[PDB]
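Engineer: File data.txt below, compact mmCIF, N, CA and C atoms:
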```txt
# COMPACT_ATOMS: atom_id res chain seq x y z
N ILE A 1 18.65 -39.89 23.27
CA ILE A 1 18.43 -41.17 23.94
C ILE A 1 16.99 -41.27 24.42
N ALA A 2 16.55 -40.27 25.17
CA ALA A 2 15.20 -40.22 25.71
C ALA A 2 14.36 -39.21 24.94
N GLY A 3 13.04 -39.36 25.06
CA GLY A 3 12.11 -38.47 24.39
C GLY A 3 11.09 -39.20 23.54
N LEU A 4 11.02 -40.52 23.69
CA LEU A 4 10.08 -41.36 22.95
C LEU A 4 9.13 -42.04 23.93
N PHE A 5 8.17 -42.79 23.37
CA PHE A 5 7.22 -43.51 24.21
C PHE A 5 7.91 -44.60 25.02
N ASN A 6 8.88 -45.28 24.42
CA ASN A 6 9.63 -46.33 25.10
C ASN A 6 11.12 -46.11 24.89
N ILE A 7 11.91 -46.58 25.85
CA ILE A 7 13.37 -46.42 25.80
C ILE A 7 14.02 -47.80 25.80
N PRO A 8 14.28 -48.39 24.63
CA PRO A 8 14.96 -49.70 24.61
C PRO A 8 16.36 -49.67 25.20
N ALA A 9 17.03 -48.52 25.19
CA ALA A 9 18.39 -48.38 25.72
C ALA A 9 19.34 -49.38 25.07
N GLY A 10 19.21 -49.55 23.76
CA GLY A 10 20.05 -50.48 23.03
C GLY A 10 19.48 -51.88 22.97
N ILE A 11 19.98 -52.77 23.83
CA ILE A 11 19.52 -54.14 23.90
C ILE A 11 19.16 -54.47 25.34
N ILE A 12 18.33 -55.50 25.50
CA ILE A 12 17.88 -55.93 26.82
C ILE A 12 19.03 -56.63 27.53
N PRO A 13 19.42 -56.16 28.72
CA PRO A 13 20.52 -56.82 29.44
C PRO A 13 20.13 -58.22 29.89
N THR A 14 21.14 -59.09 29.96
CA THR A 14 20.94 -60.47 30.40
C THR A 14 21.24 -60.58 31.89
N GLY A 15 20.35 -59.99 32.68
CA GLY A 15 20.51 -59.99 34.12
C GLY A 15 21.32 -58.82 34.64
N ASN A 16 22.59 -59.05 34.94
CA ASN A 16 23.49 -58.03 35.43
C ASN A 16 24.71 -57.93 34.52
N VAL A 17 25.52 -56.89 34.76
CA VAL A 17 26.72 -56.68 33.96
C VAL A 17 27.77 -57.72 34.34
N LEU A 18 28.33 -58.38 33.34
CA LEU A 18 29.33 -59.41 33.55
C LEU A 18 30.72 -58.77 33.67
N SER A 19 31.76 -59.61 33.69
CA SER A 19 33.16 -59.21 33.76
C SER A 19 33.51 -58.46 35.05
N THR A 20 32.59 -58.41 36.01
CA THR A 20 32.80 -57.74 37.30
C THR A 20 33.25 -56.30 37.10
N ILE A 21 32.38 -55.52 36.46
CA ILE A 21 32.64 -54.11 36.18
C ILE A 21 31.44 -53.28 36.62
N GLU A 22 31.69 -52.00 36.83
CA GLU A 22 30.64 -51.09 37.25
C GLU A 22 29.67 -50.81 36.11
N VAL A 23 28.42 -50.50 36.47
CA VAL A 23 27.41 -50.21 35.47
C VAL A 23 27.61 -48.84 34.83
N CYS A 24 28.40 -47.97 35.45
CA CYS A 24 28.65 -46.64 34.91
C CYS A 24 29.92 -46.61 34.05
N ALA A 25 31.06 -46.97 34.65
CA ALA A 25 32.36 -46.99 33.97
C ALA A 25 32.62 -45.60 33.41
N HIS A 26 32.87 -45.44 32.12
CA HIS A 26 33.09 -44.13 31.51
C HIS A 26 31.86 -43.73 30.71
N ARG A 27 31.35 -42.53 30.97
CA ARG A 27 30.15 -42.04 30.30
C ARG A 27 30.55 -41.48 28.94
N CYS A 28 30.15 -42.17 27.87
CA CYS A 28 30.43 -41.73 26.51
C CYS A 28 29.16 -41.43 25.72
N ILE A 29 28.21 -42.36 25.69
CA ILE A 29 26.95 -42.15 24.98
C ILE A 29 25.79 -42.50 25.90
N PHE A 30 26.09 -43.15 27.02
CA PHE A 30 25.09 -43.55 28.00
C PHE A 30 25.30 -42.76 29.28
N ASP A 31 24.25 -42.09 29.75
CA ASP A 31 24.33 -41.30 30.97
C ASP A 31 23.13 -41.47 31.89
N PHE A 32 22.16 -42.31 31.54
CA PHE A 32 20.97 -42.52 32.35
C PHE A 32 21.04 -43.90 33.01
N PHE A 33 20.84 -43.93 34.32
CA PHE A 33 20.86 -45.17 35.08
C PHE A 33 19.72 -45.16 36.10
N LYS A 34 19.05 -46.30 36.24
CA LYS A 34 17.94 -46.42 37.18
C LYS A 34 17.83 -47.88 37.61
N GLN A 35 17.94 -48.12 38.91
CA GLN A 35 17.84 -49.46 39.48
C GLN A 35 16.61 -49.54 40.37
N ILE A 36 15.84 -50.62 40.22
CA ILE A 36 14.64 -50.83 41.01
C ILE A 36 14.83 -52.06 41.88
N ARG A 37 14.00 -52.15 42.92
CA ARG A 37 14.05 -53.26 43.87
C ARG A 37 12.99 -54.32 43.58
N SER A 38 11.72 -53.92 43.50
CA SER A 38 10.63 -54.85 43.23
C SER A 38 9.55 -54.11 42.47
N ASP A 39 9.38 -54.46 41.19
CA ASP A 39 8.38 -53.85 40.32
C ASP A 39 8.55 -52.33 40.24
N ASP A 40 7.49 -51.63 39.86
CA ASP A 40 7.53 -50.18 39.74
C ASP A 40 6.10 -49.66 39.84
N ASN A 41 5.97 -48.34 39.87
CA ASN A 41 4.68 -47.67 39.96
C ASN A 41 4.22 -47.25 38.57
N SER A 42 3.10 -46.53 38.51
CA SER A 42 2.51 -46.04 37.26
C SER A 42 2.35 -47.16 36.24
N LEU A 43 1.82 -48.30 36.71
CA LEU A 43 1.64 -49.46 35.84
C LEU A 43 0.59 -49.21 34.77
N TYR A 44 -0.29 -48.23 34.95
CA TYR A 44 -1.33 -47.90 33.98
C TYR A 44 -0.91 -46.62 33.26
N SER A 45 -0.14 -46.78 32.19
CA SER A 45 0.34 -45.65 31.41
C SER A 45 0.70 -46.14 30.01
N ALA A 46 0.16 -45.48 28.99
CA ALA A 46 0.42 -45.84 27.61
C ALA A 46 0.24 -44.61 26.74
N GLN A 47 0.54 -44.76 25.45
CA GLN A 47 0.41 -43.66 24.50
C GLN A 47 0.09 -44.25 23.13
N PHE A 48 -1.07 -43.89 22.59
CA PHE A 48 -1.50 -44.38 21.29
C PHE A 48 -2.47 -43.38 20.68
N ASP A 49 -2.41 -43.24 19.35
CA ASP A 49 -3.28 -42.33 18.62
C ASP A 49 -4.53 -43.10 18.20
N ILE A 50 -5.55 -43.05 19.06
CA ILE A 50 -6.80 -43.76 18.77
C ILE A 50 -7.63 -42.95 17.78
N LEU A 51 -8.55 -43.64 17.12
CA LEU A 51 -9.43 -43.01 16.13
C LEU A 51 -10.66 -43.87 15.96
N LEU A 52 -11.84 -43.28 16.18
CA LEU A 52 -13.11 -43.98 16.05
C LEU A 52 -13.89 -43.36 14.90
N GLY A 53 -13.95 -44.07 13.78
CA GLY A 53 -14.66 -43.58 12.61
C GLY A 53 -13.80 -42.67 11.75
N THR A 54 -14.02 -42.76 10.44
CA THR A 54 -13.30 -41.96 9.46
C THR A 54 -14.22 -40.84 8.99
N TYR A 55 -13.98 -39.63 9.49
CA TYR A 55 -14.78 -38.48 9.11
C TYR A 55 -14.35 -37.95 7.75
N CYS A 56 -15.33 -37.63 6.91
CA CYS A 56 -15.06 -37.10 5.58
C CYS A 56 -16.20 -36.19 5.16
N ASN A 57 -15.91 -35.32 4.20
CA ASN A 57 -16.91 -34.40 3.69
C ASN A 57 -17.83 -35.09 2.69
N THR A 58 -18.98 -34.47 2.45
CA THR A 58 -19.98 -34.98 1.52
C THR A 58 -20.15 -34.00 0.37
N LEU A 59 -20.13 -34.51 -0.86
CA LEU A 59 -20.28 -33.71 -2.06
C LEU A 59 -21.44 -34.25 -2.88
N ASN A 60 -22.32 -33.35 -3.32
CA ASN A 60 -23.47 -33.76 -4.13
C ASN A 60 -23.01 -34.23 -5.50
N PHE A 61 -23.63 -35.31 -5.98
CA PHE A 61 -23.30 -35.88 -7.28
C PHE A 61 -24.06 -35.12 -8.36
N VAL A 62 -23.37 -34.21 -9.04
CA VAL A 62 -23.95 -33.40 -10.11
C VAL A 62 -23.16 -33.66 -11.39
N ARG A 63 -23.88 -33.94 -12.47
CA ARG A 63 -23.28 -34.21 -13.77
C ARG A 63 -23.86 -33.25 -14.81
N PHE A 64 -23.34 -33.34 -16.03
CA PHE A 64 -23.81 -32.49 -17.12
C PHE A 64 -25.07 -33.02 -17.79
N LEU A 65 -25.48 -34.25 -17.48
CA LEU A 65 -26.69 -34.83 -18.07
C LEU A 65 -27.89 -34.41 -17.23
N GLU A 66 -28.32 -33.17 -17.44
CA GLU A 66 -29.45 -32.60 -16.72
C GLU A 66 -30.47 -32.07 -17.71
N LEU A 67 -31.74 -32.06 -17.28
CA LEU A 67 -32.82 -31.59 -18.15
C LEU A 67 -32.80 -30.08 -18.33
N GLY A 68 -32.09 -29.35 -17.47
CA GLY A 68 -32.06 -27.90 -17.60
C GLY A 68 -31.43 -27.45 -18.91
N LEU A 69 -30.29 -28.03 -19.26
CA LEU A 69 -29.64 -27.68 -20.52
C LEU A 69 -30.51 -28.08 -21.71
N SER A 70 -31.13 -29.26 -21.65
CA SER A 70 -31.97 -29.72 -22.75
C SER A 70 -33.20 -28.84 -22.93
N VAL A 71 -33.74 -28.30 -21.84
CA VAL A 71 -34.91 -27.43 -21.94
C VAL A 71 -34.55 -25.98 -22.22
N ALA A 72 -33.30 -25.58 -21.97
CA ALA A 72 -32.88 -24.22 -22.26
C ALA A 72 -32.36 -24.06 -23.68
N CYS A 73 -31.53 -24.98 -24.15
CA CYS A 73 -30.96 -24.93 -25.49
C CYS A 73 -31.37 -26.17 -26.27
N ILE A 74 -30.94 -26.22 -27.53
CA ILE A 74 -31.25 -27.36 -28.40
C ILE A 74 -30.25 -28.47 -28.12
N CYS A 75 -30.77 -29.67 -27.84
CA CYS A 75 -29.94 -30.83 -27.53
C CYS A 75 -29.89 -31.76 -28.73
N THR A 76 -28.67 -32.07 -29.17
CA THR A 76 -28.48 -32.97 -30.30
C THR A 76 -27.17 -33.72 -30.11
N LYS A 77 -27.06 -34.87 -30.77
CA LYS A 77 -25.89 -35.73 -30.68
C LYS A 77 -25.36 -36.00 -32.08
N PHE A 78 -24.05 -35.82 -32.25
CA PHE A 78 -23.37 -36.07 -33.52
C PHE A 78 -22.14 -36.94 -33.27
N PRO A 79 -22.34 -38.22 -32.97
CA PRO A 79 -21.19 -39.10 -32.70
C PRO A 79 -20.29 -39.29 -33.91
N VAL B 1 -29.58 -16.80 23.92
CA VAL B 1 -29.75 -16.22 25.24
C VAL B 1 -30.15 -14.76 25.04
N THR B 2 -31.40 -14.44 25.36
CA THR B 2 -31.94 -13.09 25.18
C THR B 2 -32.52 -12.60 26.50
N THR B 3 -32.75 -11.28 26.56
CA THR B 3 -33.35 -10.68 27.73
C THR B 3 -34.81 -11.11 27.86
N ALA B 4 -35.27 -11.24 29.11
CA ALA B 4 -36.64 -11.69 29.36
C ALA B 4 -37.65 -10.71 28.77
N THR B 5 -37.46 -9.41 29.01
CA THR B 5 -38.39 -8.42 28.48
C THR B 5 -38.38 -8.40 26.96
N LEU B 6 -37.19 -8.47 26.36
CA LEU B 6 -37.10 -8.46 24.90
C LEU B 6 -37.78 -9.68 24.29
N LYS B 7 -37.55 -10.86 24.87
CA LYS B 7 -38.16 -12.07 24.32
C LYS B 7 -39.67 -12.07 24.53
N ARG B 8 -40.14 -11.53 25.66
CA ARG B 8 -41.58 -11.42 25.88
C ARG B 8 -42.21 -10.47 24.87
N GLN B 9 -41.56 -9.33 24.61
CA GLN B 9 -42.08 -8.40 23.62
C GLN B 9 -42.10 -9.02 22.23
N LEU B 10 -41.04 -9.76 21.88
CA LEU B 10 -41.00 -10.42 20.58
C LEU B 10 -42.11 -11.46 20.45
N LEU B 11 -42.29 -12.29 21.47
CA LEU B 11 -43.32 -13.31 21.43
C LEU B 11 -44.73 -12.73 21.47
N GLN B 12 -44.89 -11.52 22.01
CA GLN B 12 -46.20 -10.88 22.01
C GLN B 12 -46.49 -10.12 20.73
N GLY B 13 -45.45 -9.64 20.03
CA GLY B 13 -45.67 -8.85 18.84
C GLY B 13 -45.55 -9.58 17.52
N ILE B 14 -44.48 -10.36 17.34
CA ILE B 14 -44.20 -10.98 16.05
C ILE B 14 -44.14 -12.49 16.19
N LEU B 15 -43.19 -12.98 16.99
CA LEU B 15 -42.96 -14.41 17.11
C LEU B 15 -44.15 -15.10 17.77
N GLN B 16 -44.36 -16.36 17.41
CA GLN B 16 -45.43 -17.18 17.95
C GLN B 16 -44.86 -18.48 18.48
N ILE B 17 -45.46 -18.98 19.56
CA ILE B 17 -45.03 -20.21 20.22
C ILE B 17 -46.04 -21.30 19.92
N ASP B 18 -45.57 -22.41 19.37
CA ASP B 18 -46.42 -23.55 19.03
C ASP B 18 -45.75 -24.85 19.45
N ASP B 19 -45.16 -24.87 20.64
CA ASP B 19 -44.46 -26.04 21.16
C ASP B 19 -45.07 -26.46 22.49
N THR B 20 -45.22 -27.77 22.67
CA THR B 20 -45.77 -28.32 23.90
C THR B 20 -44.97 -29.47 24.48
N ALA B 21 -44.02 -30.04 23.73
CA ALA B 21 -43.22 -31.15 24.23
C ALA B 21 -41.73 -30.85 24.07
N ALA B 22 -40.89 -31.84 24.37
CA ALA B 22 -39.44 -31.68 24.26
C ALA B 22 -38.83 -33.03 23.91
N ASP B 23 -37.51 -33.04 23.74
CA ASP B 23 -36.76 -34.25 23.40
C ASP B 23 -35.77 -34.54 24.52
N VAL B 24 -35.80 -35.77 25.03
CA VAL B 24 -34.92 -36.21 26.10
C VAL B 24 -34.12 -37.41 25.59
N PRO B 25 -32.79 -37.34 25.57
CA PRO B 25 -32.00 -38.49 25.12
C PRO B 25 -32.15 -39.68 26.05
N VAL B 26 -32.02 -40.87 25.48
CA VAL B 26 -32.15 -42.12 26.22
C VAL B 26 -30.86 -42.93 26.17
N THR B 27 -29.74 -42.29 25.88
CA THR B 27 -28.44 -42.94 25.81
C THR B 27 -27.48 -42.23 26.75
N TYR B 28 -26.88 -42.98 27.67
CA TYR B 28 -25.93 -42.40 28.62
C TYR B 28 -24.54 -42.21 28.02
N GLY B 29 -24.20 -42.96 26.97
CA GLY B 29 -22.89 -42.84 26.37
C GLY B 29 -21.76 -43.42 27.18
N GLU B 30 -22.06 -44.33 28.11
CA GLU B 30 -21.03 -44.94 28.94
C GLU B 30 -20.39 -46.11 28.20
N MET B 31 -19.06 -46.11 28.16
CA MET B 31 -18.32 -47.18 27.49
C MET B 31 -16.98 -47.37 28.19
N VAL B 32 -16.38 -48.54 27.97
CA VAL B 32 -15.11 -48.89 28.57
C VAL B 32 -14.17 -49.38 27.47
N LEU B 33 -12.87 -49.29 27.75
CA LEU B 33 -11.84 -49.71 26.82
C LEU B 33 -10.84 -50.61 27.53
N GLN B 34 -10.34 -51.61 26.81
CA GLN B 34 -9.38 -52.57 27.34
C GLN B 34 -7.97 -52.16 26.94
N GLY B 35 -7.05 -52.17 27.90
CA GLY B 35 -5.68 -51.79 27.64
C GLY B 35 -4.84 -52.83 26.93
N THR B 36 -5.36 -54.05 26.77
CA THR B 36 -4.61 -55.08 26.07
C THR B 36 -4.37 -54.70 24.62
N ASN B 37 -5.38 -54.13 23.96
CA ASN B 37 -5.22 -53.70 22.58
C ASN B 37 -4.16 -52.60 22.46
N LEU B 38 -4.18 -51.64 23.38
CA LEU B 38 -3.17 -50.59 23.37
C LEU B 38 -1.77 -51.16 23.60
N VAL B 39 -1.65 -52.11 24.53
CA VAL B 39 -0.35 -52.72 24.81
C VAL B 39 0.16 -53.46 23.59
N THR B 40 -0.71 -54.24 22.93
CA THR B 40 -0.28 -54.98 21.75
C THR B 40 0.08 -54.05 20.60
N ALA B 41 -0.67 -52.95 20.44
CA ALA B 41 -0.34 -51.98 19.40
C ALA B 41 1.00 -51.31 19.68
N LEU B 42 1.27 -50.96 20.94
CA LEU B 42 2.53 -50.32 21.28
C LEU B 42 3.71 -51.27 21.11
N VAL B 43 3.54 -52.54 21.50
CA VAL B 43 4.63 -53.50 21.41
C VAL B 43 4.90 -53.92 19.97
N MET B 44 3.95 -53.68 19.06
CA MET B 44 4.12 -54.05 17.66
C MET B 44 4.59 -52.89 16.78
N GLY B 45 4.22 -51.66 17.12
CA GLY B 45 4.61 -50.51 16.32
C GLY B 45 3.66 -50.24 15.18
N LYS B 46 3.67 -51.10 14.17
CA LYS B 46 2.79 -50.98 13.01
C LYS B 46 1.72 -52.05 13.08
N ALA B 47 0.46 -51.63 12.95
CA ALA B 47 -0.66 -52.56 13.02
C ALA B 47 -1.81 -52.02 12.17
N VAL B 48 -2.72 -52.91 11.81
CA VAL B 48 -3.88 -52.56 11.00
C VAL B 48 -5.13 -52.68 11.86
```
For this file, write the structure as structure tokens.
Structural biologist:
Amino acid sequence: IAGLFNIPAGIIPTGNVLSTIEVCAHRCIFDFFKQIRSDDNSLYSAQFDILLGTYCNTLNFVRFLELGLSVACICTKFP
Amino acid sequence: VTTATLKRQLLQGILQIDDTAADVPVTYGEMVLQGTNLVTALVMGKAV
């Protein structure tokens, strides 16, 4: 039930419990209850995975079309 | 981080000093963030 950033607890209640019944009744899958009077504390609290900039490695662009091979061996083309 | 005597001996025997100035940063790096973006991201779940 708990262990996440937010606890929806199923659906948002429409005020109070109707049918004139207790909010606890029989505990089957629900066991957490909390009633407040006016607002709450810790109003500045959140959780998000922020990220500034995409860090990546740099690789030199090296190809086989280099003058070293042409100056070391004989270069020819036979298409 | 080296010993004073060792660094003095090194600078007198082998190493040479040719520095007269330094570099001082001119950016404090102070910035602020608004919680509205975090709230909207949390209330949406998936965002770009």
Engineer: Residues of chain B no more than 8 Å from chain A, counting only C-alpha atoms: send them over as a PyMOL selection string.
Structural biologist: chain B and resi 38-39+41-42
Engineer: May I have all residues of region 1-46 of chain B that DSSP, computed from the backbone, assigns to alpha helix (DSSP H), given as a list in words?
Structural biologist: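 So the alpha helix (DSSP H) residues in region 1-46 of chain B would be residues 4, 5, 6, 7, 8, 9, 10, 11, 12, 13, 35, 36, 37, 38, 39, 40, 41, 42, 43 and 44 of chain B.
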Engineer: Between atom N of residue 35 (chain B) and atom C of residue 7 (chain A), measure the distance and give it in Å to one decimal.
Structural biologist: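 Computing the Euclidean distance for atom N of residue 35 (chain B) and atom C of residue 7 (chain A) yields 21.6 Å.
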Engineer: Grab the atom C of residue 59 (chain A) to CA of residue 48 (chain B) distance for me, in Å with one decimal place.
Structural biologist: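 Here the two named atoms are 28.9 Å from each other.
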Engineer: So what do you get for atom C of residue 17 (chain B) versus CA of residue 3 (chain B), distance-wise?
Structural biologist: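 For atom C of residue 17 (chain B) relative to CA of residue 3 (chain B), the distance reads 18.3 Å.
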